[PDB]
S.K.: 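Here's a structure for you.
Start at 1 and go down the list; that is how both ligands and their atoms are numbered. The residues of the chain are indexed from 1 along the displayed sequence. No hydrogens, no waters, no symmetry mates; every other heavy atom, side chains included, goes into these values.
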Amino acid sequence: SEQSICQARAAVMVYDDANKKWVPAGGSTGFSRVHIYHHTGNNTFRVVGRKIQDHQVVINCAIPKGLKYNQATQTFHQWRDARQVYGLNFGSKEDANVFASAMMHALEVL
Ligand SMILES: CC(=O)N[C@@H](Cc1ccccc1Cl)C(=O)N1CCC[C@]12C=C[C@@H]1CC[C@@H](C(=O)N3CC[C@@H]4C=C[C@H]5C=C[C@@H](C(=O)O)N5C(=O)[C@H]43)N1C2=O
Ligand SMILES: [Br-]
Ligand SMILES: [Br-]
């Protein structure tokens, strides 16, 4: 089965490569509950975020082994895939540190 190993509150953003700016994931700005989930068997992790107001899934992306997770500032962290760059604007330094730590520890289990 699948298990949430950590969660944190963050405004989830994606980078608009064409206009050089960050835009809100899913179309509207606001905080989401962002989880890292582990699936047993094939030992995979994914980031899944749902907007707190309406449960819209704003991010659902795989965490591949060797993913480069960038702590750009104390409360904005980011990573990429082929299609998009994702950014989490955390509610506090503490939320960020919790999430970052779970991510770094996931990358060691992969
Ligand atoms: C090599 C590479 O991919 N580099 C990436 C970052 C990264 C490094 C390691 C691993 C993964 C990633 Cl995504 C990179 O530099 N990127 C990807 C998106 C666009 C950007 C490339 C150039 C620009 C320059 C400034 C920086 C950026 O986007 N920043 C810096 C921190 C700041 C913090 C928050 C967001 C929120 C709104 C916007 C703003 O402040 O107006 N922000 C920014 O402007 C953010 N940029 C980036 O982060
Ligand atoms: Br829970
Ligand atoms: Br496993």
S.K.: Going by the order shown, which atoms of ligand 1 are within less than 4.0 Å of some heavy atom of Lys68?
M.R.: 10 (C), 11 (C)
S.K.: Looking only at distance, does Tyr15 have an N or O less than 3.5 Å from an N or O of ligand 1?
M.R.: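 No, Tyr15 has no N/O under 3.5 Å of an N/O on ligand 1.
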S.K.: Between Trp22 and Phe76, is the ring centre distance below 6.0 Å?
M.R.: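 Yes, they do, as the ring centres are separated by less than 6.0 Å.
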S.K.: Assert yes or no for the condition that the ring centre distance of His77 to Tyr69 is strictly below 6.0 Å.
M.R.: yes
S.K.: In ligand 1, which numbered atoms sit nearer than 4.0 Å to a non-hydrogen atom of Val85?
M.R.: 13 (Cl), 17 (C), 18 (C)
S.K.: Return the residue, atom name and 0.1 Å-rounded distance of the protein heavy atom closest to atom 32 (C) of ligand 1.
M.R.: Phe76 CD2, 4.4 Å
S.K.: Are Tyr37 and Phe45, when compared by the centres of their aromatic rings, separated by less than 6.0 Å?
M.R.: no
S.K.: Hey, is atom 45 (C) of ligand 1 touched by any protein heavy atom at less than 4.0 Å?
M.R.: yes
S.K.: Return the closest protein heavy atom for atom 43 (C) of ligand 1 as residue, atom name and distance.
M.R.: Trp22 NE1, 3.5 Å
S.K.: Check for me, please, whether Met103 and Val98 land in the same ILVMFWY cluster - side-chain distances under 4.5 Å, paths through other members count.
M.R.: no
S.K.: Measuring to protein heavy atoms, does anything land under 4.0 Å from atom 25 (C) of ligand 1?
M.R.: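 When distances to the protein are checked, atom 25 (C) of ligand 1 has no heavy atom within 4.0 Å.
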S.K.: With clusters defined by side-chain heavy atoms of hydrophobic residues (ILVMFWY) lying less than 4.5 Å apart, directly or transitively, does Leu88 cluster with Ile52?
M.R.: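 No, because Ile52 and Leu88 fall into different hydrophobic clusters, even though each may have its own neighbours under 4.5 Å.
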